[PDB]
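Next comes input-v4.cif, with mmCIF, C-alpha atoms.
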data_entry
#
loop_
_atom_site.label_atom_id
_atom_site.label_comp_id
_atom_site.auth_asym_id
_atom_site.auth_seq_id
_atom_site.Cartn_x
_atom_site.Cartn_y
_atom_site.Cartn_z
CA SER U 1 -21.28 -55.03 -91.27
CA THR U 2 -24.82 -56.37 -91.19
CA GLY U 3 -28.30 -55.17 -90.31
CA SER U 4 -31.48 -56.97 -89.22
CA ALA U 5 -34.88 -55.27 -88.92
CA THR U 6 -38.40 -56.48 -88.18
CA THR U 7 -41.08 -55.87 -90.75
CA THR U 8 -44.75 -55.82 -89.78
CA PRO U 9 -47.97 -55.91 -91.78
CA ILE U 10 -49.71 -52.54 -91.76
CA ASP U 11 -53.19 -54.04 -91.36
CA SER U 12 -55.11 -57.30 -91.01
CA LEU U 13 -54.95 -57.98 -94.73
CA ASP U 14 -51.14 -57.83 -95.21
CA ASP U 15 -51.67 -54.92 -97.62
CA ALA U 16 -48.07 -53.86 -97.08
CA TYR U 17 -45.27 -54.19 -94.60
CA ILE U 18 -43.49 -51.46 -92.68
CA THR U 19 -39.97 -51.49 -91.31
CA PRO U 20 -38.47 -48.91 -88.98
CA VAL U 21 -35.78 -46.68 -90.46
CA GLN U 22 -33.66 -44.21 -88.50
CA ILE U 23 -32.95 -40.98 -90.39
CA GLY U 24 -30.75 -38.17 -89.31
CA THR U 25 -28.90 -37.10 -86.24
CA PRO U 26 -30.41 -37.59 -83.73
CA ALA U 27 -32.36 -40.37 -85.40
CA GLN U 28 -35.92 -39.73 -86.47
CA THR U 29 -37.62 -43.10 -86.71
CA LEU U 30 -40.04 -43.47 -89.56
CA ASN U 31 -41.85 -46.65 -90.63
CA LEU U 32 -41.13 -47.12 -94.32
CA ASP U 33 -42.41 -49.55 -96.90
CA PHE U 34 -39.35 -51.47 -98.15
CA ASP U 35 -39.96 -51.73 -101.85
CA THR U 36 -37.90 -53.99 -104.11
CA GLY U 37 -39.98 -52.55 -106.99
CA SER U 38 -38.65 -48.98 -106.84
CA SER U 39 -35.45 -47.12 -106.06
CA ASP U 40 -36.32 -43.98 -104.12
CA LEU U 41 -36.06 -43.49 -100.36
CA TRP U 42 -38.69 -40.78 -99.80
CA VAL U 43 -40.43 -39.57 -96.66
CA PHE U 44 -43.26 -37.47 -95.35
CA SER U 45 -41.55 -34.32 -94.15
CA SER U 46 -41.87 -30.94 -92.55
CA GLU U 47 -41.93 -29.71 -96.17
CA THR U 48 -45.04 -31.70 -97.05
CA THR U 49 -48.20 -29.62 -97.63
CA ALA U 50 -49.94 -29.63 -94.30
CA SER U 51 -53.36 -30.63 -95.54
CA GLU U 52 -51.71 -33.72 -97.16
CA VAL U 53 -50.23 -34.95 -93.91
CA UNK U 54 -52.50 -37.02 -91.70
CA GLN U 56 -47.90 -40.05 -90.44
CA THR U 57 -44.60 -39.42 -88.72
CA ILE U 58 -42.52 -36.83 -90.60
CA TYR U 59 -38.84 -36.21 -91.20
CA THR U 60 -37.70 -32.67 -90.34
CA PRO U 61 -34.34 -32.07 -92.09
CA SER U 62 -33.76 -28.86 -90.09
CA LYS U 63 -33.70 -30.99 -86.93
CA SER U 64 -30.92 -33.27 -88.28
CA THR U 65 -27.34 -32.10 -87.88
CA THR U 66 -26.16 -34.46 -90.63
CA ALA U 67 -28.73 -33.42 -93.24
CA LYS U 68 -27.27 -31.70 -96.32
CA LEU U 69 -29.38 -30.20 -99.09
CA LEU U 70 -28.44 -31.74 -102.44
CA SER U 71 -28.47 -28.46 -104.32
CA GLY U 72 -30.64 -28.26 -107.40
CA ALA U 73 -31.92 -31.86 -107.02
CA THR U 74 -35.60 -32.73 -107.32
CA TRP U 75 -37.61 -35.90 -107.56
CA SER U 76 -41.02 -37.04 -108.68
CA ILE U 77 -42.32 -40.59 -108.68
CA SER U 78 -45.45 -42.39 -109.73
CA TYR U 79 -46.33 -45.92 -108.84
CA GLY U 80 -48.38 -48.58 -110.56
CA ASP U 81 -51.37 -48.09 -108.22
CA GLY U 82 -51.51 -44.37 -109.27
CA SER U 83 -49.92 -43.00 -106.13
CA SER U 84 -47.27 -40.30 -106.42
CA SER U 85 -45.13 -37.82 -104.57
CA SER U 86 -42.42 -35.27 -105.32
CA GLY U 87 -40.04 -32.89 -103.61
CA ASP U 88 -36.40 -32.00 -102.94
CA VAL U 89 -33.44 -34.03 -101.74
CA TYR U 90 -31.19 -34.21 -98.68
CA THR U 91 -28.32 -36.52 -97.98
CA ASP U 92 -28.34 -37.84 -94.41
CA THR U 93 -27.37 -40.74 -92.21
CA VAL U 94 -29.79 -43.64 -92.52
CA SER U 95 -29.78 -46.77 -90.41
CA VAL U 96 -31.77 -49.94 -90.87
CA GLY U 97 -31.61 -52.70 -88.30
CA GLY U 98 -28.27 -51.46 -87.00
CA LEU U 99 -26.65 -51.01 -90.44
CA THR U 100 -25.69 -47.38 -91.01
CA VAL U 101 -25.08 -45.62 -94.32
CA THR U 102 -23.80 -42.09 -94.43
CA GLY U 103 -24.63 -39.75 -97.29
CA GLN U 104 -27.83 -41.55 -98.24
CA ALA U 105 -30.19 -39.57 -100.39
CA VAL U 106 -33.40 -38.90 -98.45
CA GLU U 107 -36.06 -37.52 -100.75
CA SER U 108 -38.27 -35.10 -98.80
CA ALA U 109 -41.86 -34.85 -100.06
CA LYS U 110 -43.30 -31.46 -100.77
CA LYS U 111 -46.53 -33.14 -101.83
CA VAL U 112 -48.00 -36.63 -101.62
CA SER U 113 -51.01 -38.17 -103.32
CA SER U 114 -54.26 -38.88 -101.55
CA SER U 115 -53.56 -42.62 -101.14
CA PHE U 116 -50.47 -41.80 -99.10
CA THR U 117 -52.34 -39.21 -97.01
CA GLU U 118 -55.05 -41.79 -96.36
CA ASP U 119 -52.60 -44.46 -95.08
CA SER U 120 -51.62 -43.44 -91.60
CA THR U 121 -49.16 -46.32 -91.16
CA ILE U 122 -46.73 -45.61 -94.02
CA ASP U 123 -44.33 -42.72 -93.49
CA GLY U 124 -42.59 -43.19 -96.83
CA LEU U 125 -40.78 -45.73 -98.99
CA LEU U 126 -37.32 -47.30 -99.05
CA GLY U 127 -36.57 -48.50 -102.55
CA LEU U 128 -34.44 -51.58 -103.12
CA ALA U 129 -34.57 -52.06 -106.88
CA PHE U 130 -31.55 -51.05 -108.98
CA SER U 131 -30.39 -47.44 -108.75
CA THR U 132 -31.05 -46.82 -112.42
CA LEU U 133 -34.73 -46.43 -111.45
CA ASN U 134 -34.13 -43.64 -108.94
CA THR U 135 -36.10 -40.51 -109.88
CA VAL U 136 -33.75 -37.80 -108.65
CA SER U 137 -32.65 -35.27 -111.25
CA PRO U 138 -30.26 -34.15 -112.54
CA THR U 139 -28.11 -36.98 -111.08
CA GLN U 140 -29.77 -40.15 -109.89
CA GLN U 141 -29.11 -41.28 -106.36
CA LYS U 142 -28.09 -44.70 -105.04
CA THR U 143 -30.33 -46.90 -103.00
CA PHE U 144 -29.64 -47.70 -99.38
CA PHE U 145 -28.48 -51.17 -100.43
CA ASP U 146 -26.15 -49.85 -103.13
CA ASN U 147 -24.56 -47.45 -100.62
CA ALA U 148 -24.23 -50.23 -98.03
CA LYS U 149 -22.50 -52.81 -100.26
CA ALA U 150 -18.97 -51.59 -99.69
CA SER U 151 -19.33 -52.25 -95.96
CA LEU U 152 -21.55 -55.32 -95.93
CA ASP U 153 -20.19 -58.74 -95.05
CA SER U 154 -21.71 -59.96 -98.32
CA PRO U 155 -23.49 -57.81 -100.95
CA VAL U 156 -26.90 -59.35 -100.21
CA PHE U 157 -30.16 -58.61 -98.50
CA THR U 158 -32.93 -61.07 -97.62
CA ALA U 159 -36.68 -60.68 -97.28
CA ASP U 160 -38.59 -62.94 -94.93
CA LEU U 161 -42.15 -61.64 -94.92
CA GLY U 162 -44.80 -63.18 -92.67
CA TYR U 163 -48.38 -64.28 -93.37
CA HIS U 164 -50.32 -62.07 -90.94
CA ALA U 165 -47.19 -62.08 -88.82
CA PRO U 166 -43.97 -60.10 -88.33
CA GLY U 167 -40.94 -60.95 -90.43
CA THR U 168 -37.41 -59.80 -91.14
CA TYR U 169 -35.23 -57.88 -93.58
CA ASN U 170 -31.53 -58.77 -93.22
CA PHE U 171 -28.62 -56.97 -94.88
CA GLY U 172 -25.22 -58.57 -95.41
CA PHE U 173 -25.77 -62.18 -94.38
CA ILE U 174 -27.96 -65.20 -94.95
CA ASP U 175 -29.60 -66.65 -91.84
CA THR U 176 -29.39 -70.37 -92.44
CA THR U 177 -31.95 -71.02 -89.70
CA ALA U 178 -34.65 -68.97 -91.46
CA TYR U 179 -35.42 -71.43 -94.22
CA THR U 180 -35.65 -75.13 -94.98
CA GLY U 181 -33.82 -77.10 -97.67
CA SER U 182 -31.37 -75.07 -99.76
CA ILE U 183 -31.60 -71.77 -101.63
CA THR U 184 -31.88 -72.06 -105.38
CA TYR U 185 -30.54 -69.06 -107.26
CA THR U 186 -31.77 -67.82 -110.61
CA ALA U 187 -30.52 -65.23 -113.04
CA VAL U 188 -31.62 -61.60 -112.82
CA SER U 189 -32.03 -59.16 -115.66
CA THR U 190 -31.50 -55.52 -114.78
CA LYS U 191 -32.43 -54.21 -118.23
CA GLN U 192 -35.62 -52.65 -116.76
CA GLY U 193 -34.06 -51.79 -113.40
CA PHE U 194 -35.98 -54.43 -111.42
CA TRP U 195 -35.18 -57.74 -109.74
CA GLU U 196 -36.51 -59.38 -112.88
CA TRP U 197 -36.25 -63.11 -113.30
CA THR U 198 -37.88 -65.97 -115.15
CA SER U 199 -39.85 -68.61 -113.27
CA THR U 200 -39.65 -72.06 -114.86
CA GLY U 201 -43.39 -72.74 -114.49
CA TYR U 202 -46.20 -73.44 -112.10
CA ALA U 203 -48.63 -75.98 -110.68
CA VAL U 204 -52.12 -75.55 -109.17
CA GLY U 205 -52.78 -77.59 -106.07
CA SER U 206 -51.90 -81.26 -106.51
CA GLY U 207 -51.86 -80.99 -110.30
CA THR U 208 -49.07 -81.05 -112.86
CA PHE U 209 -46.22 -78.57 -113.15
CA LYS U 210 -46.37 -76.77 -116.46
CA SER U 211 -42.99 -75.67 -117.80
CA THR U 212 -43.70 -72.19 -119.08
CA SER U 213 -41.32 -69.26 -118.75
CA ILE U 214 -42.89 -66.52 -116.58
CA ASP U 215 -40.82 -63.34 -116.67
CA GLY U 216 -41.66 -61.24 -113.67
CA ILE U 217 -40.38 -59.02 -110.91
CA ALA U 218 -39.83 -59.73 -107.25
CA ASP U 219 -41.65 -56.79 -105.58
CA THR U 220 -42.07 -56.50 -101.88
CA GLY U 221 -44.12 -53.33 -102.39
CA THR U 222 -46.88 -55.01 -104.36
CA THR U 223 -49.56 -56.76 -102.29
CA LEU U 224 -50.73 -59.51 -104.62
CA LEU U 225 -49.36 -62.08 -107.07
CA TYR U 226 -49.98 -60.91 -110.63
CA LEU U 227 -49.50 -63.63 -113.26
CA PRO U 228 -50.47 -64.24 -116.85
CA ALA U 229 -54.17 -64.47 -117.52
CA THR U 230 -54.00 -68.12 -118.58
CA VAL U 231 -52.13 -69.11 -115.44
CA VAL U 232 -54.55 -67.23 -113.18
CA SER U 233 -57.54 -68.72 -114.93
CA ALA U 234 -56.08 -72.23 -114.39
CA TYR U 235 -55.80 -71.50 -110.70
CA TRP U 236 -59.33 -70.15 -110.14
CA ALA U 237 -60.80 -72.97 -112.25
CA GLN U 238 -60.01 -75.14 -109.24
CA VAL U 239 -62.16 -72.95 -106.90
CA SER U 240 -65.81 -73.71 -107.39
CA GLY U 241 -67.29 -70.40 -106.20
CA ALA U 242 -64.64 -68.20 -107.83
CA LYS U 243 -65.55 -65.75 -110.55
CA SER U 244 -64.01 -62.62 -112.05
CA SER U 245 -65.88 -59.52 -110.91
CA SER U 246 -65.74 -56.46 -113.14
CA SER U 247 -67.10 -54.21 -110.43
CA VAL U 248 -64.77 -55.43 -107.66
CA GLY U 249 -61.77 -55.54 -110.00
CA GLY U 250 -60.62 -59.18 -109.99
CA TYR U 251 -61.38 -62.74 -108.98
CA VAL U 252 -63.65 -63.08 -105.95
CA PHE U 253 -64.68 -66.33 -104.24
CA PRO U 254 -66.50 -67.51 -101.10
CA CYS U 255 -64.57 -66.83 -97.96
CA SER U 256 -65.43 -70.34 -96.75
CA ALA U 257 -63.62 -72.06 -99.62
CA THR U 258 -60.52 -74.11 -98.80
CA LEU U 259 -58.22 -72.91 -101.60
CA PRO U 260 -55.59 -75.00 -103.43
CA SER U 261 -51.93 -74.15 -103.14
CA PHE U 262 -50.03 -72.51 -105.97
CA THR U 263 -46.49 -73.68 -106.80
CA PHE U 264 -43.96 -71.69 -108.84
CA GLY U 265 -40.66 -72.90 -110.24
CA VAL U 266 -37.23 -71.49 -109.48
CA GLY U 267 -34.95 -73.49 -111.74
CA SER U 268 -35.50 -77.11 -110.72
CA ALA U 269 -36.77 -76.03 -107.31
CA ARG U 270 -40.38 -75.36 -106.29
CA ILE U 271 -41.93 -72.76 -103.95
CA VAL U 272 -45.38 -73.68 -102.64
CA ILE U 273 -47.80 -70.87 -101.72
CA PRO U 274 -50.37 -72.30 -99.31
CA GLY U 275 -53.98 -71.86 -100.30
CA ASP U 276 -54.67 -69.75 -97.24
CA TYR U 277 -52.17 -67.14 -98.48
CA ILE U 278 -54.25 -66.75 -101.65
CA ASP U 279 -57.32 -65.80 -99.61
CA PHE U 280 -56.67 -62.08 -99.44
CA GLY U 281 -59.72 -61.39 -97.30
CA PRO U 282 -63.33 -60.24 -97.41
CA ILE U 283 -64.34 -57.51 -99.83
CA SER U 284 -65.88 -55.74 -96.84
CA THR U 285 -66.04 -56.78 -93.19
CA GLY U 286 -68.54 -59.56 -92.76
CA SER U 287 -68.92 -60.22 -96.45
CA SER U 288 -69.37 -63.76 -97.68
CA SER U 289 -67.08 -62.88 -100.63
CA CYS U 290 -63.33 -62.66 -100.54
CA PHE U 291 -60.83 -61.15 -102.96
CA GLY U 292 -58.24 -63.45 -104.53
CA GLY U 293 -54.54 -63.09 -103.88
CA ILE U 294 -53.62 -64.24 -107.40
CA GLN U 295 -54.86 -61.89 -110.11
CA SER U 296 -54.18 -61.37 -113.79
CA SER U 297 -51.25 -59.21 -114.84
CA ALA U 298 -52.88 -58.35 -118.16
CA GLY U 299 -54.00 -54.90 -117.12
CA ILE U 300 -50.70 -53.83 -115.58
CA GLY U 301 -48.52 -55.40 -118.27
CA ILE U 302 -45.87 -57.00 -116.10
CA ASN U 303 -45.93 -60.13 -113.92
CA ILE U 304 -45.28 -59.31 -110.30
CA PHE U 305 -44.27 -61.74 -107.58
CA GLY U 306 -45.70 -59.52 -104.83
CA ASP U 307 -46.20 -60.24 -101.18
CA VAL U 308 -48.63 -63.16 -101.62
CA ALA U 309 -45.78 -65.06 -103.28
CA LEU U 310 -42.79 -63.67 -101.46
CA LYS U 311 -44.24 -64.30 -98.00
CA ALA U 312 -44.20 -68.05 -98.82
CA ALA U 313 -40.40 -68.00 -99.27
CA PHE U 314 -37.10 -66.87 -97.88
CA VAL U 315 -35.87 -64.56 -100.66
CA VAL U 316 -32.23 -63.64 -101.27
CA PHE U 317 -31.48 -60.51 -103.25
CA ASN U 318 -27.84 -61.05 -104.31
CA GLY U 319 -26.44 -57.72 -105.37
CA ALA U 320 -23.05 -58.91 -106.61
CA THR U 321 -21.89 -57.30 -109.84
CA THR U 322 -23.86 -59.93 -111.66
CA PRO U 323 -27.00 -60.06 -109.43
CA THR U 324 -29.03 -63.18 -108.78
CA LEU U 325 -32.22 -63.96 -106.89
CA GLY U 326 -32.48 -66.87 -104.49
CA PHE U 327 -35.57 -68.63 -103.11
CA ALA U 328 -35.86 -71.15 -100.34
CA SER U 329 -38.88 -72.78 -98.74
CA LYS U 330 -39.57 -71.92 -95.12
#

Could you show the structure in this file as structure tokens?
Amino acid sequence: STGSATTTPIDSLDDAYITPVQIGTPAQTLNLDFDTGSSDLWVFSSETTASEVXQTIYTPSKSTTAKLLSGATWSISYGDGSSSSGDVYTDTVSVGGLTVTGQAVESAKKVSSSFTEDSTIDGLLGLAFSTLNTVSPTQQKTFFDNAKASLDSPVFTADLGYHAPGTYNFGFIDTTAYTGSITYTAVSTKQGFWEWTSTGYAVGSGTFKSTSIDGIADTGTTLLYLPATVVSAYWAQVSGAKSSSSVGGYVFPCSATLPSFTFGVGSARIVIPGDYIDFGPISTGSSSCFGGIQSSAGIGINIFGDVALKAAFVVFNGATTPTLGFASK
């Protein structure tokens, strides 16, 4: 089997992408944030505290295929400080025509204010390794893990758009969705993430610096977070750019034409266009814009978030020894 689903930016800034997910029988369609940086499929629900719901909810008592996973609970906290917790059902989940039965669907009893405040996200669908799932006492498998037995190939691909719709595919590689060839690189699962080591970077039309950058491919992080020295080298090429303590990162004039940023994948190179690094004005009508490449020093891990991933066709190869592929597009 295969599946293919359209993913859409939630807002004009590409803060996140939502993908429809059908849960239950009959299907309840929720728009979830597909997150290669976590491993829980959780949803706003009829169980969620009413004052914390503003979203479409999953009602397990309306699904004939929902089963309570007795004694199971979950609680998750994300790098941006958001969190949620609740109980666990197994149910039928379909994405883009690919159906998994017995998928754990984590029903929120409570959600943090950032989730309440975001009307467009009805929950998350984690796609990191199942060792990061937060269900206790027994962790639950991700949608991808449960799908692998049936898939035509144990792969999924992310093709995120710059201010445009894109695609998540499960089970096949669309050879028309990218240019050139895919270069694959090794993945470490020691921390549960799609963790890999970039071979280096270049700023604009300058030289490629061979420097190992260990980081994670995370569709659920907005920006590209890289080592401080790398980020400084980038913004040194932008004459109005400065770090702003009060805004919380590099800011620059919206009218600047920004240089590209290139990262290495083995011998191959992925070029992020300068426009992708303009994340947008700090407020509507401001002359100042927030940068899409920021230092990872404060969060302690390098993250190839959406600013980077949307410049590539990305293959998440979930064979027993996983690998990560990138192609230009």

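The space between CA of residue 59 (chain U) and CA of residue 45 (chain U) spans 4.4 Å.
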
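Here, the PyMOL selection byres ((chain U and resi 151) around 9) matches residues 1, 2, 101, 147, 148, 149, 150, 152, 153, 154, 155 and 172 of chain U.
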
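In this structure, CA of residue 89 (chain U) sits 8.6 Å away from CA of residue 109 (chain U).
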
Task: residue 273 (chain U) surroundings by all atoms listed in the file, 6 Å radius, close-in-sequence under 5 positions cut, as a list in words - done: residues 261, 262, 263 and 312 of chain U

Using only C-alpha atoms, please write the residues we just selected to a file, as a PDB file, in the coordinates of the input.
ATOM      1  CA  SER U 261     -51.930 -74.150-103.140  1.00  0.00           C
ATOM      2  CA  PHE U 262     -50.030 -72.510-105.970  1.00  0.00           C
ATOM      3  CA  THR U 263     -46.490 -73.680-106.800  1.00  0.00           C
ATOM      4  CA  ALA U 312     -44.200 -68.050 -98.820  1.00  0.00           C
TER       5      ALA U 312
END

TODO: Quote the spacing between CA of residue 44 (chain U) and CA of residue 63 (chain U) in Å to one decimal place.
DONE: 14.3 Å

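Using all atoms listed in the file for every distance, the candidate list U:71, U:200, U:51, U:258 yields U:200 as the residue closest to residue 216 (chain U).
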
Task: Shell around residue 299 (chain U) at 12 Å using only C-alpha atoms, local window under 6 positions removed, as an MDAnalysis selection string - done: chainID U and resid 80:81 226:229 249:250

Task: Residue IDs satisfying the PyMOL selection byres ((chain U and resi 158) around 8), as a count of residues only - done: 14

- [ ] With a distance cut-off of 12 Å and all atoms listed in the file, select the neighbouring residues of region 4-9 of chain U, excluding the residue or stretch itself and same-chain residues fewer than 6 positions from it, and output the selection as a PyMOL selection string.
- [x] chain U and resi 15-22+31-35+95-100+121-122+157-175+220-221+223+307+311

Go ahead and write the selection's residues with C-alpha atoms as a compact mmCIF listing (two decimals), keeping the file's coordinate frame.
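Output (part.txt):
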# COMPACT_ATOMS: atom_id res chain seq x y z
CA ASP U 15 -51.67 -54.92 -97.62
CA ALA U 16 -48.07 -53.86 -97.08
CA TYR U 17 -45.27 -54.19 -94.60
CA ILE U 18 -43.49 -51.46 -92.68
CA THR U 19 -39.97 -51.49 -91.31
CA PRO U 20 -38.47 -48.91 -88.98
CA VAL U 21 -35.78 -46.68 -90.46
CA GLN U 22 -33.66 -44.21 -88.50
CA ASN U 31 -41.85 -46.65 -90.63
CA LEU U 32 -41.13 -47.12 -94.32
CA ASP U 33 -42.41 -49.55 -96.90
CA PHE U 34 -39.35 -51.47 -98.15
CA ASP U 35 -39.96 -51.73 -101.85
CA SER U 95 -29.78 -46.77 -90.41
CA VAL U 96 -31.77 -49.94 -90.87
CA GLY U 97 -31.61 -52.70 -88.30
CA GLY U 98 -28.27 -51.46 -87.00
CA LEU U 99 -26.65 -51.01 -90.44
CA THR U 100 -25.69 -47.38 -91.01
CA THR U 121 -49.16 -46.32 -91.16
CA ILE U 122 -46.73 -45.61 -94.02
CA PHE U 157 -30.16 -58.61 -98.50
CA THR U 158 -32.93 -61.07 -97.62
CA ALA U 159 -36.68 -60.68 -97.28
CA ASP U 160 -38.59 -62.94 -94.93
CA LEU U 161 -42.15 -61.64 -94.92
CA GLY U 162 -44.80 -63.18 -92.67
CA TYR U 163 -48.38 -64.28 -93.37
CA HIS U 164 -50.32 -62.07 -90.94
CA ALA U 165 -47.19 -62.08 -88.82
CA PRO U 166 -43.97 -60.10 -88.33
CA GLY U 167 -40.94 -60.95 -90.43
CA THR U 168 -37.41 -59.80 -91.14
CA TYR U 169 -35.23 -57.88 -93.58
CA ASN U 170 -31.53 -58.77 -93.22
CA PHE U 171 -28.62 -56.97 -94.88
CA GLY U 172 -25.22 -58.57 -95.41
CA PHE U 173 -25.77 -62.18 -94.38
CA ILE U 174 -27.96 -65.20 -94.95
CA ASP U 175 -29.60 -66.65 -91.84
CA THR U 220 -42.07 -56.50 -101.88
CA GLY U 221 -44.12 -53.33 -102.39
CA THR U 223 -49.56 -56.76 -102.29
CA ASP U 307 -46.20 -60.24 -101.18
CA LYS U 311 -44.24 -64.30 -98.00

Task: Polymer residues at most 12 Å from (-36.6, -75.4, -92.3) by only C-alpha atoms, as a count of residues only - done: 14

- [ ] Pull the neighbourhood of (-37.9, -71.9, -106.0) for me: all residues within 9 Å in file coordinates, counting all atoms listed in the file, as a PyMOL selection string.
- [x] chain U and resi 183-186+199+263-272+313+326-329

Mind writing the picked residues with C-alpha atoms as a PDB file, keeping the file's coordinate frame?
ATOM      1  CA  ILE U 183     -31.600 -71.770-101.630  1.00  0.00           C
ATOM      2  CA  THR U 184     -31.880 -72.060-105.380  1.00  0.00           C
ATOM      3  CA  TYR U 185     -30.540 -69.060-107.260  1.00  0.00           C
ATOM      4  CA  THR U 186     -31.770 -67.820-110.610  1.00  0.00           C
ATOM      5  CA  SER U 199     -39.850 -68.610-113.270  1.00  0.00           C
ATOM      6  CA  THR U 263     -46.490 -73.680-106.800  1.00  0.00           C
ATOM      7  CA  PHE U 264     -43.960 -71.690-108.840  1.00  0.00           C
ATOM      8  CA  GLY U 265     -40.660 -72.900-110.240  1.00  0.00           C
ATOM      9  CA  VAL U 266     -37.230 -71.490-109.480  1.00  0.00           C
ATOM     10  CA  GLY U 267     -34.950 -73.490-111.740  1.00  0.00           C
ATOM     11  CA  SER U 268     -35.500 -77.110-110.720  1.00  0.00           C
ATOM     12  CA  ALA U 269     -36.770 -76.030-107.310  1.00  0.00           C
ATOM     13  CA  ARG U 270     -40.380 -75.360-106.290  1.00  0.00           C
ATOM     14  CA  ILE U 271     -41.930 -72.760-103.950  1.00  0.00           C
ATOM     15  CA  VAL U 272     -45.380 -73.680-102.640  1.00  0.00           C
ATOM     16  CA  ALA U 313     -40.400 -68.000 -99.270  1.00  0.00           C
ATOM     17  CA  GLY U 326     -32.480 -66.870-104.490  1.00  0.00           C
ATOM     18  CA  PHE U 327     -35.570 -68.630-103.110  1.00  0.00           C
ATOM     19  CA  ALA U 328     -35.860 -71.150-100.340  1.00  0.00           C
ATOM     20  CA  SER U 329     -38.880 -72.780 -98.740  1.00  0.00           C
TER      21      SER U 329
END

- [ ] To verify the selection step, state as a ChimeraX atom specification which residues the PyMOL selection byres ((chain U and resi 205) around 7) yields on this input.
- [x] /U:203-204,206-207,260-262

Those same residues - C-alpha atoms - I'd like them written as a compact mmCIF listing (two decimals), keeping the file's coordinate frame.
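Generated output (result-v4.txt):
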# COMPACT_ATOMS: atom_id res chain seq x y z
CA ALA U 203 -48.63 -75.98 -110.68
CA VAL U 204 -52.12 -75.55 -109.17
CA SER U 206 -51.90 -81.26 -106.51
CA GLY U 207 -51.86 -80.99 -110.30
CA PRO U 260 -55.59 -75.00 -103.43
CA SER U 261 -51.93 -74.15 -103.14
CA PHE U 262 -50.03 -72.51 -105.97

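You can rank U:10, U:27, U:112, U:218 by their closest distance to residue 306 (chain U) using only C-alpha atoms, and at the top of that list sits U:218.
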
Task: Residues within 8 Å of residue 259 (chain U), all atoms listed in the file, excluding chain neighbours under 5 positions, as an MDAnalysis selection string - done: chainID U and resid 239 275:276 278:279

Open item on the list: If we count all atoms listed in the file and set the cut-off at 8 Å, which residues sit around residue 137 (chain U), ignoring sequence neighbours fewer than 5 positions away in its own chain? Please answer as a list in words.
Closed with: residues 73, 74 and 75 of chain U

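Considering the residues U:144, U:209, U:277, U:202 and counting all atoms listed in the file, residue 231 (chain U) has its shortest atom-to-atom contact with U:202.
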
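Of the listed residues U:236, U:255, U:146, U:69, the one whose atoms come nearest to residue 318 (chain U) is U:146, with distances taken using all atoms listed in the file.
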